[PDB]
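Only one chain is shown below, in structure tokens, and it's the form deposited in one PDB entry.
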């Protein structure tokens, strides 16, 4: 038999800035959002779900410098916590 499923579910998007706003990149160091995301994933994938990690990345941008940007979590339909369980 056939069954109904939600057309859109279990998504999470993470953008480098808020709408209307710029995102920064260094010619040799790369994109700050990308570098920050990797560092947080390396540190927190073992203990935090991806949504919590994304919030932590956001928090690291909280104090604005000369290159302020605020990464934004978008269109979330995760019904559960997504743990990476690195090593497993």
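Residues that one form lacks are left out of the comparison. Numbering follows the first chain given and starts at 1. Here the rigid core means the biggest group of C-alpha atoms that line up within 1.5 Å when the two forms are laid on top of each other.
Another form, the form deposited in another entry, is not on view; read the next lines as being about it.
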{"item": "Threshold 2 Å Cα movement between this form and the one not shown for residue 9, core superposed", "value": "no"}
{"item": "Is_shifted residue 18 between this form and the one not shown (CA, 2 Å cut-off, rigid core)", "value": "yes"}
{"item": "Rigid-core frame, C-alpha of residue 34, shift of 2 angstroms or more between this form and the one not shown", "value": "no"}
{"item": "Direction of Cα pair change residue 21-residue 62 in the other form, magnitude 3 angstroms or more", "value": "farther"}
{"item": "Pairwise C-alpha change, residue 26 versus residue 70, in the other form against this form - closer or farther, 3 angstroms or more", "value": "farther"}
{"item": "Segments displaced between this form and the one not shown (3 or more residues, each Cα shift of 2 Å or more, core-superposed)", "value": "17-29, 66-69"}
